[PDB]
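*Asks:* Following this: a sequence and the matching experimental structure.
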Amino acid sequence: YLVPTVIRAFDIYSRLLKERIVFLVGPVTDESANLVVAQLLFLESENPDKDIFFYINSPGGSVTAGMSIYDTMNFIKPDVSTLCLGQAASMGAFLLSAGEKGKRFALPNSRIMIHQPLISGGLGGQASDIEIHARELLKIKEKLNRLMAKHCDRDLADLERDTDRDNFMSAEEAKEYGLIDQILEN
Amino acid sequence: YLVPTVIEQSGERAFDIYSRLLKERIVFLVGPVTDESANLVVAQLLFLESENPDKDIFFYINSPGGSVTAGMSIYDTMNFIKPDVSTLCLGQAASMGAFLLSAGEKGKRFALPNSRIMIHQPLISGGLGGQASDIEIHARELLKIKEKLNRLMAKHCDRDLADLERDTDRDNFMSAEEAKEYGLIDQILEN
Amino acid sequence: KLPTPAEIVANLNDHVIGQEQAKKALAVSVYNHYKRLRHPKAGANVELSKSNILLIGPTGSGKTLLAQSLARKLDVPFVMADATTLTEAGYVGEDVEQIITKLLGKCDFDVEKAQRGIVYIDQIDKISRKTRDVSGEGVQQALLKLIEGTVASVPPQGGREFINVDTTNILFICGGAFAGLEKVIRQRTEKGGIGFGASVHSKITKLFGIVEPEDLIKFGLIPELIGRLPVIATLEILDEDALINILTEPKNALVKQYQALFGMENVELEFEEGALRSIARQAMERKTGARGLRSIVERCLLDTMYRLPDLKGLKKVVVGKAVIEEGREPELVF
Amino acid sequence: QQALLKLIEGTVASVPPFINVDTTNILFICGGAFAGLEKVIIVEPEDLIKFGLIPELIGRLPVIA
Ligand SMILES: Nc1ncnc2c1ncn2[C@@H]1O[C@H](COP(=O)(O)OP(=O)(O)OP(=O)(O)O)[C@@H](O)[C@H]1O
Ligand SMILES: [Mg+2]
């Protein structure tokens, strides 16, 4: 794609970074997650007190990559406000719910989906190797449900039910659930 | 493709021709609607609101359709930002392209005389594999999207939901005149 | 006897509103200037050097007015110099000794008086560093030995034997709008860092008030010139309230100047308090300092000034608040 | 622009035939085809500054015709 230039001449995404807007668009990968981390680190220094706006339009992706964003969001001093555009699914929904409480937003027709993780990596090799990877996946599953339950002010038991299979929510349902705080209109 | 460079008189500034047209508040949606192409439209819409919240934004659409969630990121951005977003159909506005065309500010939705506008119920928003329980979930989500799109279309067109449910059952191709009569566009440009 | 620094400021008060510290700095230096000049110059007495002043302030803050207002009662030769016309010795333009020639002319070439005078150098910020920088650093370097005591060799009072002038006791007041200076101070005072281990730091009047040589060096002045300007006095940026007083309080207030023009006719000009604040507010938004007050007053009065000399019987014209906020006519009292 | 600042308002020029000329009382009409200024925009200093003039010169030309 050709990224427009806006007026020093910026590409339009560097221009929006100047306004403290960080985009997570598409799958969460090591590379796309590290750019978010680099931008979050950069913005903290430019101004540790001002909010950072983290716009999410993502189907999900790697858990470890999403956790690098998640820990960076929680570590840096400035509040990270999160906004759901289009969709926030899987780790995208996790990072949406991970925004500063009271500053998690969704647009009216956005779609938010939460679910237990799939393969974090293949389970081949010997039954001993498969046991190890199955145990690691279960620990991740519990960690994600526990952090989700914390974000949503819900019981761990509720997230365990609700993430069993793909749980699609409107912005209103996500607000009632506790994934977001407000729905923007104008 | 090689994107031409044009010079703006002010000193001089060299632009690619699309950045030059963005300076005139023209945003293009060309080809399929994807997360990446939709986010560029959103970035441009947000940028233009900051430059001037009062002036109209011109959203030129030549698109066969694409992802619903990607199209909804554009749709919600169009409705959110203060400036009116005028929409123009060039070549075609099909599926989510027709949705975004109809989503323009009422009275400012345009089509060129020989453009083609097509509306239809959504297809797969994602595959339906796995277990019958997973297939049930995805079938339910697709039906909710189907109803949401028909409801928003009916609102755009000042029609009954029942009319959009009939008319989007199978690919419904319309001339610019038929789209105007239907309520997808307000005017047809000639000169 | 000598006037006290308080008397100098009292006289400055009739012309300059605000900038209490800049008025104080000038008054004390001039008072010390006088004292130095009546100090015994021989025997066991300590030799006295001088403290020069650098005036840092925004556009339209009153730097030049201070210098011009100060000059009205100095009792020593005083000259207004301009750094934008200075160049290196071997180039087109004026040399730095041209300043002494001007100061010397002001006292009819009585050198003993010229050596006791005061020099204001305007536009000092225009010779900053940021090849041979003929009109920039080259001038700063040339001035080093003019500000510190040298013997200037200047033309005589006739056409091009030259006059030897000892500049040791000439007081120099330099100033200018160091427009890019706030960013430097913010970079020094809000450095911070990026990344985890590092710690990130919190983010015109306040910044100038904390200026240090490190900023002037990074701005573009050379350390050798900064150290010869030991006293840095700063002027704040005028706010909405200061700009109201500037319309009516000064001896040559803006409103008084127009009342005089209308007074060359037989029409009294009156502004409402709502207009004065509206004018000050609009002028503040122009970012030209006090000067913006003139644009607003010229604007609102243009059509009544056009008609005024032709109108007969008019006695008083009132500029209300509406006449500043809206395209209204002033009330005409016949 | 910087050199003109002190010419527009009062200064004493050294003028060869040296003649000392006080420019305080000279009326200056300055102008130009600021075509890029219609694009930037009822001209206000904000527009002239974006055009590329320095506030110090704008403030010395109080009347815009
Ligand atoms: N503090 C003040 N009090 C009263 N009048 C002021 C003040 N500041 C500015 N003015 C008014 O502004 C006009 C010009 O001011 P001045 O010549 O001091 O600006 P300047 O210092 O030359 O600015 P620059 O540094 O940009 O040249 C005068 O009419 C003066 O009365
Ligand atoms: Mg000046």
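*Replies:* Cool, the structure landed. Numbering: from 1, shown residues only, chains lettered A, B, ... in the order given. Ligands and ions are numbered 1, 2, ... in the order given.
*Asks:* going forward, measure contacts between C-alpha atoms and count neighbours the same way
*Replies:* Fine.
*Asks:* and the nearest residue to residue A:61 once chain neighbours are set aside, backbone torsions?
*Replies:* Nearest non-adjacent residue to residue A:61, counting by C-alpha to C-alpha, 6 or more residues apart in numbering or on different chains: residue A:28, 4.2 Å away. Torsion angles at residue A:28 (phi, psi; degrees, to the nearest 10) stand at phi -90, psi 110.
*Asks:* you'd agree residue A:28 is up against residue A:64?
*Replies:* No - using C-alpha atoms under 8 Å, residue A:28 makes no contact with residue A:64, being 9.4 Å away.
*Asks:* So which residues on the stretch 151-300 of chain C come close to chain A?
*Replies:* Within the stretch 151-300 of chain C, the positions near chain A by C-alpha under 8 Å from any C-alpha of the partner chain are C:192, C:193, C:194, C:195, C:196, C:200, C:201, C:202, C:203.
*Asks:* show me where chain A has helices.
*Replies:* Counting by DSSP state H, chain A has helices at residues A:12-17, A:30-46, A:63-75, A:91-97, A:127-152, A:156-162, A:171-177.
*Asks:* follow-up on the earlier one: what is the nearest of the residues of the stretch 151-300 of chain C next to chain A to ligand 1?
*Replies:* The nearest member of these to ligand 1, counting by C-alpha to the nearest ligand atom, is residue C:203 at 27.6 Å.
*Asks:* What count of nearby residues applies to that closest one?
*Replies:* Neighbourhood size, residue C:203 [other C-alpha atoms under 10 Å in any protein chain shown]: 15.
*Asks:* residues touching the nearest residue to residue A:166 once chain neighbours are set aside, list them.
*Replies:* Using C-alpha to C-alpha, 6+ apart and skipping residues adjacent in sequence, the residue nearest residue A:166 is residue A:115, 4.9 Å away. Taking C-alpha atoms under 8 Å, 6 or more residues apart in numbering or on different chains as the criterion, residue A:115 is in contact with A:90, A:162, A:163, A:164, A:165, A:166, A:167.
*Asks:* could you redo the last one with a cut-off of 6 Å?
*Replies:* Residue A:115 is in contact with A:90, A:163, A:165, A:166, counting by C-alpha atoms under 6 Å, 6 or more residues apart in numbering or on different chains.
*Asks:* Now render the residues you listed as a markdown table, adding neighbour count.
*Replies:* Shown next, in a markdown table, are the contacts of residue A:115 (neighbours: other C-alpha atoms under 10 Å in any protein chain shown):
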| residue | neighbour count |
| --- | --- |
| A:90 | 27 |
| A:163 | 20 |
| A:165 | 16 |
| A:166 | 18 |
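*Asks:* Can you pick out the most distant pair from the residues you listed?
*Replies:* Greatest spacing in the contacts of residue A:115, by C-alpha to C-alpha: A:90 and A:165 (11.1 Å).
*Asks:* would you turn the contacts of residue A:115 into CSV with distance to residue C:65?
*Replies:* Converted to CSV, the contacts of residue A:115 look like this (distance: C-alpha to C-alpha, whole Å):
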residue, distance to residue C:65
A:90, 67
A:163, 74
A:165, 77
A:166, 74
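*Asks:* which of these lies closest to residue A:182?
*Replies:* Nearest to residue A:182 among the contacts of residue A:115, with distances taken as C-alpha to C-alpha, is residue A:90, at 19.8 Å.
*Asks:* how many other residues sit next to the closest residue to residue C:148 other than its chain neighbours?
*Replies:* Of all residues not flanking residue C:148 in the chain, residue C:168 sits nearest, at 6.2 Å (C-alpha to C-alpha, 6+ apart). Counted with other C-alpha under 10 Å, the neighbours of residue C:168 add up to 18.
*Asks:* could you say which helix or strand contains residue C:168?
*Replies:* Using DSSP states H and E, residue C:168 sits in no helix or strand.
*Asks:* Is it in contact with residue C:152, as I believe?
*Replies:* No - judged on C-alpha atoms under 6 Å, residue C:168 makes no contact with residue C:152 at a distance of 10.2 Å.
*Asks:* Contact residues of the stretch 1-150 of chain C facing chain D?
*Replies:* Residues of the stretch 1-150 of chain C lying close to chain D (C-alpha under 6 Å from any C-alpha of the partner chain) are residue C:84.
*Asks:* switch to 8 Å and redo it
*Replies:* For the stretch 1-150 of chain C, the residues in contact with chain D (C-alpha under 8 Å from any C-alpha) are C:59, C:82, C:84, C:85, C:126.
*Asks:* Restricted to strands, list those residues.
*Replies:* The strands, defined by DSSP state E, take in residue C:82 from these.
*Asks:* what's the most distant pair in the residues of the stretch 1-150 of chain C next to chain D?
*Replies:* Using C-alpha to C-alpha, the residues of the stretch 1-150 of chain C next to chain D reach their maximum pairwise distance at C:59 and C:85, which is 19.9 Å.
*Asks:* so the residue nearest to residue C:186 when sequence neighbours are not counted is in which element?
*Replies:* Nearest non-adjacent residue to residue C:186, counting by C-alpha to C-alpha, 6+ apart: residue C:207, 7.3 Å away. Per DSSP H and E: residue C:207 is located in helix C:205-208.
*Asks:* What residues sit buried inside that helix?
*Replies:* Neighbour-count burial for helix C:205-208 flags C:207, C:208 (criterion: 16 or more other C-alpha atoms under 10 Å in any protein chain shown).
*Asks:* for stretch A:113-133, same thing?
*Replies:* When neighbours are counted by 16+ other C-alpha under 10 Å, the buried residues of stretch A:113-133 are found to be A:113, A:114, A:115, A:116, A:117, A:133.
*Asks:* would you turn those residues into CSV with distance to residue C:89?
*Replies:* Shown next, in CSV, are the buried residues of stretch A:113-133 (distance: C-alpha to C-alpha, whole Å):
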residue, distance to residue C:89
A:113, 76
A:114, 77
A:115, 79
A:116, 80
A:117, 78
A:133, 81
